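Undergrad: Dumping the structure here so I can ask a few things about it.
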Amino acid sequence: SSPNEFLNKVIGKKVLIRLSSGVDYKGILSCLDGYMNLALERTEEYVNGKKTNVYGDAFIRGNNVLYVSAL
Amino acid sequence: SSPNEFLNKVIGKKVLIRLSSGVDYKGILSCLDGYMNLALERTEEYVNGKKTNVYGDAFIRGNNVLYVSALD
Amino acid sequence: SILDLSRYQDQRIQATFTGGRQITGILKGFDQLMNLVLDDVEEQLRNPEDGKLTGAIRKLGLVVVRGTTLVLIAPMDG
Amino acid sequence: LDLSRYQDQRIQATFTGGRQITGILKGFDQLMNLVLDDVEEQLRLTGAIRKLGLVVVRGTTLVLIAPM
Amino acid sequence: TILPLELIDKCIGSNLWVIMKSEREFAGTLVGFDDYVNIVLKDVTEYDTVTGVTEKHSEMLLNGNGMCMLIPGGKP
Amino acid sequence: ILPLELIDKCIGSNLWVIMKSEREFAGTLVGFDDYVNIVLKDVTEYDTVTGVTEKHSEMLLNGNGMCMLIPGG
Ligand SMILES: [Zn+2]
Ligand SMILES: [Zn+2]
Ligand SMILES: [Zn+2]
Ligand SMILES: [Zn+2]
Ligand SMILES: [Zn+2]
Ligand SMILES: [Zn+2]
Ligand SMILES: [Zn+2]
Ligand SMILES: [Zn+2]
């Protein structure tokens, strides 16, 4: 179970993405690559509970987040 | 490497190393490697302008620093 | 992903950095490391202490985005 | 970069973001990851302190190392 | 002399206590890691230190960049 | 075109550099390396939070801290 292996295993599931700053993104994973860049479908941005944005498609740099967990 | 040239250009002299708007270091560059790690003698720590620490000999990860400039 | 982005070539995108900065700009190019070249970029200003988007813009023009601080890229709604 | 001089010495280290600890150098690598033993974080700089023991230090947040 | 990444290697299947640069901590079971020390943790419990509030995660990818310390064993 | 190349054509021109913090730098590009650490000279530094300016004859700007590099800025 590499980081990649873990990430593959969560494709198609609602995932929670936390930023060092306590901003969260949640959306269904969709794509990956060697460098942990993540592509998600519809994506929601929260500032501790408070939804503050929605993105139709989003690319997220895994290298630069806090963690990635499956909801 | 222009960074390498700049650093060598300043070995043995006093340098200002800014960690953040709040935190700086000052000391004499003494040594350096290719991962931008720095060795300094008589290095001092400043917080908001107040010299809160004197370390003497010290190592600093240039990689995890904002910048390195010649002092003055 | 290095494939996915090409789909948005020449189009205007949103970007978010670590630290909070947000910008918009036209995707002119990029590498595998996620360094971008954006054209006509406007940083969306933030309330100094609230953190919120004020609605005010700031123009920067042609810019190189560093992949080291890039968190999120996203196309325009629609 | 010649950290071998401080092997088994008690050293001090501060991190990006303000954390500061103390411990005995037990090893390291070229990327500045450290192994420290008998570690103690100075809590934040309230005189508070906690004991962490044997610790792997990451070089990606490591800012400064110093003797004592 | 001890090598950091070899120590981490020996911890697969063990409990780790991880301390970030912010006011966050994680305790879980090491499932695996990157050459870049991005880790996978199982049966994780997360600890906010400012608030003091806690939450839990069955499995998670904890990124290494923001890490300060990995403590073989657990909290506290 | 390539982001790295665009910086290359700027060696010798002015460069505006924006960090993830509230700190900004304007100077002239002396050169950079593979990791995009930057040497600037004749540099004027802007703390955007307080509002104070500062000056440097020559400095090494760490690449990991940068958000944006703006040619001719
Ligand atoms: Zn895709
Ligand atoms: Zn796919
Ligand atoms: Zn879609
Ligand atoms: Zn245009
Ligand atoms: Zn011990
Ligand atoms: Zn959590
Ligand atoms: Zn080319
Ligand atoms: Zn300065």
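Scheme for the structure tokens: letters A, B, ... for chains in order shown; per-chain residue numbers from 1; ligand numbers from 1 in order shown.
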Residues contacting ligand 5 - anything with an atom at most 8 Å away, using only C-alpha atoms and all ligand atoms - can you give me those as a PDB file with N, CA and C atoms, in the first residue's frame?
TA:
```pdb
ATOM      1  N   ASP D  37      17.385  11.272  20.032  1.00  0.00           N
ATOM      2  CA  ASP D  37      17.001  10.546  21.232  1.00  0.00           C
ATOM      3  C   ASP D  37      16.924  11.511  22.405  1.00  0.00           C
ATOM      4  N   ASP D  38      16.139  11.153  23.420  1.00  0.00           N
ATOM      5  CA  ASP D  38      15.864  12.031  24.569  1.00  0.00           C
ATOM      6  C   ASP D  38      15.440  13.450  24.151  1.00  0.00           C
ATOM      7  N   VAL D  39      14.418  13.510  23.306  1.00  0.00           N
ATOM      8  CA  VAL D  39      13.924  14.766  22.765  1.00  0.00           C
ATOM      9  C   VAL D  39      13.008  15.488  23.753  1.00  0.00           C
ATOM     10  N   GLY D  53      11.104  11.516  23.448  1.00  0.00           N
ATOM     11  CA  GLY D  53      11.926  10.327  23.368  1.00  0.00           C
ATOM     12  C   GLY D  53      12.692  10.203  22.064  1.00  0.00           C
ATOM     13  N   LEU D  54      12.688   9.000  21.503  1.00  0.00           N
ATOM     14  CA  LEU D  54      13.355   8.717  20.243  1.00  0.00           C
ATOM     15  C   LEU D  54      12.501   9.233  19.066  1.00  0.00           C
TER      16      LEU D  54
END
```
Undergrad: Around ligand 8, at most 7 Å away and counting only C-alpha atoms and all ligand atoms, which residues are there? Put them as a list in words, please.
TA: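 Going residue by residue within 7 Å of ligand 8, we get residues 18 of chain B; 45, 54, 55 and 56 of chain F.
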Undergrad: Have a look at CA of residue 41 in chain D and CA of residue 15 in chain D and let me know their distance in Å, one decimal.
TA: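 Separating CA of residue 41 in chain D from CA of residue 15 in chain D is a distance of 11.1 Å.
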Undergrad: Residues within 8 Å of ligand 4 (only C-alpha atoms and all ligand atoms), as a list in words?
TA: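 Going residue by residue within 8 Å of ligand 4, we get residues 26, 39 and 40 of chain C.
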Undergrad: Among chain A, which residues carry a DSSP assignment of alpha helix (DSSP H), reported as a ChimeraX atom specification?
TA: /A:3-8
Undergrad: Ligand 6: which residues are within 7 Å, counting only C-alpha atoms and all ligand atoms, as a PyMOL selection string?
TA: chain E and resi 46+55-57
Undergrad: Keeping only N, CA, C and O atoms, take the residues you just selected and write them out as an mmCIF file, in the first residue's frame.
TA:
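And here is the file that came out, part.cif:
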```
data_model
loop_
_atom_site.group_PDB
_atom_site.id
_atom_site.type_symbol
_atom_site.label_atom_id
_atom_site.label_comp_id
_atom_site.auth_asym_id
_atom_site.auth_seq_id
_atom_site.Cartn_x
_atom_site.Cartn_y
_atom_site.Cartn_z
ATOM 1 N N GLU E 46 -6.829 11.829 15.000
ATOM 2 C CA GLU E 46 -6.225 13.136 14.802
ATOM 3 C C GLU E 46 -6.444 14.009 16.024
ATOM 4 O O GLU E 46 -7.512 13.981 16.620
ATOM 5 N N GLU E 55 -10.725 13.890 16.033
ATOM 6 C CA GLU E 55 -11.519 13.119 15.086
ATOM 7 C C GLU E 55 -10.738 11.892 14.655
ATOM 8 O O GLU E 55 -9.563 11.753 14.995
ATOM 9 N N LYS E 56 -11.394 11.004 13.914
ATOM 10 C CA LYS E 56 -10.803 9.717 13.575
ATOM 11 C C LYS E 56 -10.945 9.401 12.101
ATOM 12 O O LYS E 56 -11.865 9.883 11.444
ATOM 13 N N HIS E 57 -10.027 8.578 11.600
ATOM 14 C CA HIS E 57 -9.983 8.208 10.191
ATOM 15 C C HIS E 57 -9.555 6.754 10.056
ATOM 16 O O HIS E 57 -8.531 6.348 10.615
#
```
Undergrad: Could you pull the residues within 12 Å of range 29-38 of chain B, counting only C-alpha atoms, minus those fewer than 3 positions along the same chain, as JSON, numbers by chain?
TA: {"B": [1, 3, 4, 5, 6, 7, 8, 9, 10, 11, 12, 13, 14, 15, 16, 17, 25, 26, 41, 42, 43, 56, 57, 58, 59, 60, 61, 62, 63, 64, 65, 67, 68, 69, 70, 71], "D": [1, 2, 3, 29, 30, 31, 32, 59, 60, 62, 63, 64, 65, 66], "F": [33, 34, 35, 37, 60, 61, 62, 63]}
Undergrad: When distances are computed from only C-alpha atoms and all ligand atoms, which of A:65, A:58, A:23, A:70 shows the smallest separation from ligand 3?
TA: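 Looking only at the distances to ligand 3, the closest residue turns out to be A:58.
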Undergrad: Could you list, as a ChimeraX atom specification, all protein and nucleic acid residues with an atom at most 9 Å from ligand 2, counting only C-alpha atoms and all ligand atoms?
TA: /A:11,29-32,39 /C:1
Undergrad: Neighbours of ligand 7 at 8 Å or closer, counting only C-alpha atoms and all ligand atoms: which residues, as a list in words?
TA: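 After applying the 8 Å limit, what remains is residues 1, 2 and 5 of chain F.
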Undergrad: I need the residues in chain F that are strand (DSSP E or B) according to DSSP; give them as a compact mmCIF listing (two decimals) with N, CA and C atoms, in the first residue's frame.
TA:
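Heads up, here's the output in states_26.txt:
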```
# COMPACT_ATOMS: atom_id res chain seq x y z
N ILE F 11 16.72 36.89 -17.67
CA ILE F 11 18.05 37.13 -17.12
C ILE F 11 18.62 38.47 -17.60
N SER F 13 16.81 41.45 -17.13
CA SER F 13 15.68 42.37 -17.01
C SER F 13 15.24 42.47 -15.56
N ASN F 14 14.29 43.37 -15.29
CA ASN F 14 13.68 43.43 -13.97
C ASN F 14 12.74 42.26 -13.76
N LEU F 15 12.57 41.87 -12.51
CA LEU F 15 11.68 40.77 -12.16
C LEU F 15 10.88 41.17 -10.94
N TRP F 16 9.58 40.97 -11.02
CA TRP F 16 8.73 41.13 -9.85
C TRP F 16 8.42 39.73 -9.34
N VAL F 17 8.61 39.52 -8.04
CA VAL F 17 8.40 38.22 -7.44
C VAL F 17 7.44 38.30 -6.25
N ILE F 18 6.40 37.48 -6.29
CA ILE F 18 5.39 37.46 -5.23
C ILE F 18 5.46 36.15 -4.45
N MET F 19 5.52 36.24 -3.13
CA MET F 19 5.60 35.06 -2.26
C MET F 19 4.23 34.58 -1.80
N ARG F 23 4.98 39.15 1.37
CA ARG F 23 6.26 39.75 1.04
C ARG F 23 6.46 39.75 -0.47
N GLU F 24 6.93 40.87 -1.02
CA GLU F 24 7.15 40.98 -2.45
C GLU F 24 8.52 41.55 -2.75
N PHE F 25 9.04 41.22 -3.92
CA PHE F 25 10.41 41.57 -4.26
C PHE F 25 10.47 42.06 -5.70
N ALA F 26 11.14 43.18 -5.91
CA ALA F 26 11.36 43.69 -7.25
C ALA F 26 12.84 44.00 -7.42
N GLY F 27 13.44 43.42 -8.44
CA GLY F 27 14.85 43.62 -8.70
C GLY F 27 15.17 43.19 -10.11
N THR F 28 16.45 42.93 -10.36
CA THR F 28 16.89 42.50 -11.68
C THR F 28 17.50 41.11 -11.62
N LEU F 29 17.08 40.26 -12.55
CA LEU F 29 17.46 38.85 -12.59
C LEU F 29 18.92 38.65 -12.94
N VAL F 30 19.71 38.23 -11.96
CA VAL F 30 21.10 37.85 -12.18
C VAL F 30 21.18 36.41 -12.70
N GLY F 31 20.37 35.53 -12.12
CA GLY F 31 20.32 34.16 -12.57
C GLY F 31 19.60 33.25 -11.61
N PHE F 32 19.38 32.02 -12.03
CA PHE F 32 18.70 31.03 -11.21
C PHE F 32 19.31 29.63 -11.36
N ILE F 38 16.53 32.02 -6.93
CA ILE F 38 16.78 33.21 -7.73
C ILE F 38 17.81 34.16 -7.11
N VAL F 39 18.71 34.69 -7.94
CA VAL F 39 19.58 35.78 -7.51
C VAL F 39 19.04 37.08 -8.10
N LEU F 40 18.70 38.03 -7.23
CA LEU F 40 18.29 39.35 -7.66
C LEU F 40 19.27 40.39 -7.17
N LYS F 41 19.51 41.43 -7.97
CA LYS F 41 20.31 42.57 -7.52
C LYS F 41 19.56 43.89 -7.65
N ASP F 42 19.98 44.89 -6.87
CA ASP F 42 19.31 46.18 -6.84
C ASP F 42 17.85 45.96 -6.48
N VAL F 43 17.64 45.35 -5.32
CA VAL F 43 16.33 44.82 -4.97
C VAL F 43 15.57 45.70 -4.00
N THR F 44 14.30 45.93 -4.32
CA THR F 44 13.43 46.62 -3.38
C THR F 44 12.30 45.69 -2.95
N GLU F 45 12.22 45.50 -1.64
CA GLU F 45 11.36 44.50 -1.03
C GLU F 45 10.14 45.14 -0.37
N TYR F 46 8.96 44.60 -0.65
CA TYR F 46 7.71 45.17 -0.15
C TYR F 46 6.97 44.27 0.84
N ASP F 47 6.94 44.67 2.11
CA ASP F 47 6.04 44.04 3.07
C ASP F 47 4.64 44.59 2.84
N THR F 53 8.71 49.30 3.13
CA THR F 53 9.61 48.86 2.08
C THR F 53 11.00 48.58 2.68
N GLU F 54 11.87 47.92 1.91
CA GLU F 54 13.24 47.64 2.34
C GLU F 54 14.13 47.46 1.11
N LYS F 55 15.44 47.61 1.29
CA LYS F 55 16.37 47.56 0.15
C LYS F 55 17.51 46.56 0.32
N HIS F 56 17.89 45.93 -0.78
CA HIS F 56 18.99 44.96 -0.81
C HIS F 56 19.77 45.09 -2.11
N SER F 57 21.09 45.06 -2.00
CA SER F 57 21.96 45.20 -3.16
C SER F 57 21.98 43.92 -3.98
N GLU F 58 21.85 42.80 -3.28
CA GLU F 58 21.95 41.49 -3.91
C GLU F 58 21.48 40.43 -2.93
N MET F 59 20.63 39.53 -3.41
CA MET F 59 20.11 38.47 -2.54
C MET F 59 19.79 37.18 -3.29
N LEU F 60 19.75 36.10 -2.53
CA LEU F 60 19.35 34.79 -3.02
C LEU F 60 17.93 34.54 -2.55
N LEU F 61 17.00 34.47 -3.49
CA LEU F 61 15.59 34.23 -3.18
C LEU F 61 15.26 32.76 -3.30
N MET F 66 8.17 30.91 -3.42
CA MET F 66 7.54 31.73 -4.46
C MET F 66 6.18 31.24 -4.90
N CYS F 67 5.26 32.19 -5.10
CA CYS F 67 4.02 31.95 -5.83
C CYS F 67 4.20 32.28 -7.30
N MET F 68 4.66 33.51 -7.57
CA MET F 68 4.66 34.05 -8.93
C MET F 68 5.91 34.83 -9.30
N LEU F 69 6.32 34.69 -10.55
CA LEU F 69 7.44 35.42 -11.11
C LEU F 69 6.93 36.16 -12.32
N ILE F 70 7.04 37.48 -12.28
CA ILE F 70 6.47 38.34 -13.31
C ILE F 70 7.58 39.10 -14.01
N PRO F 71 7.86 38.72 -15.26
CA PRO F 71 8.89 39.36 -16.08
C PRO F 71 8.67 40.87 -16.23
```
Undergrad: Please write out the residues within 8 Å of ligand 3 as number ranges by chain, counting only C-alpha atoms and all ligand atoms.
TA: A: 40-42, 56-57
Undergrad: Show me, as an MDAnalysis selection string, the residues that have an atom within 12 Å of range 1-15 of chain E when counting only C-alpha atoms, minus same-chain residues fewer than 6 positions from it.
TA: (chainID A and resid 1:2) or (chainID D and resid 3:4 6:8 24:37 54:59) or (chainID E and resid 26:45 69:76)
Undergrad: Since we have the selection now, will you write its residues out, keeping C-alpha atoms, as a tab-separated table (two decimals), in the first residue's frame?
TA:
```tsv
chain	number	residue	atom	x	y	z
A	1	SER	CA	0.00	0.00	0.00
A	2	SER	CA	2.01	2.94	-1.36
D	3	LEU	CA	26.91	16.73	11.02
D	4	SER	CA	29.07	13.81	12.13
D	6	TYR	CA	27.76	16.46	16.65
D	7	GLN	CA	26.90	12.74	16.77
D	8	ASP	CA	25.85	11.84	20.33
D	24	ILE	CA	20.93	13.79	21.13
D	25	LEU	CA	22.01	13.30	17.51
D	26	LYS	CA	21.85	9.58	16.70
D	27	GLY	CA	22.05	9.78	12.91
D	28	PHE	CA	21.01	11.64	9.77
D	29	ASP	CA	20.81	11.58	5.99
D	30	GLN	CA	21.76	13.80	3.03
D	31	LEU	CA	18.26	15.30	2.97
D	32	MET	CA	18.64	16.48	6.58
D	33	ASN	CA	16.27	13.99	8.15
D	34	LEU	CA	17.56	13.31	11.66
D	35	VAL	CA	17.26	10.66	14.32
D	36	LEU	CA	17.11	12.19	17.81
D	37	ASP	CA	17.00	10.55	21.23
D	54	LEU	CA	13.36	8.72	20.24
D	55	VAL	CA	12.36	10.84	17.24
D	56	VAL	CA	12.72	11.02	13.45
D	57	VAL	CA	13.15	14.67	12.40
D	58	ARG	CA	11.96	15.67	8.91
D	59	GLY	CA	14.32	17.88	6.91
E	26	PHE	CA	-1.77	12.12	14.23
E	27	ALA	CA	-1.55	8.65	15.73
E	28	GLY	CA	-2.11	5.55	13.67
E	29	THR	CA	-0.59	2.43	12.18
E	30	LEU	CA	2.00	2.81	9.44
E	31	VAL	CA	0.81	1.08	6.26
E	32	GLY	CA	3.52	2.38	3.94
E	33	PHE	CA	5.46	5.42	2.78
E	34	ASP	CA	6.97	7.36	-0.14
E	35	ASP	CA	10.63	7.94	-0.82
E	36	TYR	CA	9.40	11.46	0.00
E	37	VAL	CA	8.09	10.31	3.40
E	38	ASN	CA	4.43	10.72	2.53
E	39	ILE	CA	2.77	8.14	4.76
E	40	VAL	CA	-0.36	6.01	4.83
E	41	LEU	CA	-1.93	5.54	8.26
E	42	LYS	CA	-4.63	3.11	9.39
E	43	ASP	CA	-6.97	3.50	12.35
E	44	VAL	CA	-5.82	7.06	12.78
E	45	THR	CA	-6.91	9.46	15.47
E	69	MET	CA	8.49	14.55	13.66
E	70	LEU	CA	7.62	10.87	13.54
E	71	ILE	CA	7.69	9.09	16.89
E	72	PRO	CA	7.82	5.28	16.76
E	73	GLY	CA	5.24	4.13	19.31
E	74	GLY	CA	2.16	6.23	19.98
E	75	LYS	CA	0.65	9.14	21.85
E	76	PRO	CA	1.66	10.32	24.33
```
Undergrad: To one decimal place, how far is CA of residue 44 in chain A from CA of residue 13 in chain C in Å?
TA: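 Computed distance, CA of residue 44 in chain A to CA of residue 13 in chain C, equals 16.8 Å.
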Undergrad: Quick one: pull the distance between CA of residue 36 in chain F and CA of residue 4 in chain C, Å, one decimal.
TA: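 Here the two named atoms are 24.9 Å from each other.
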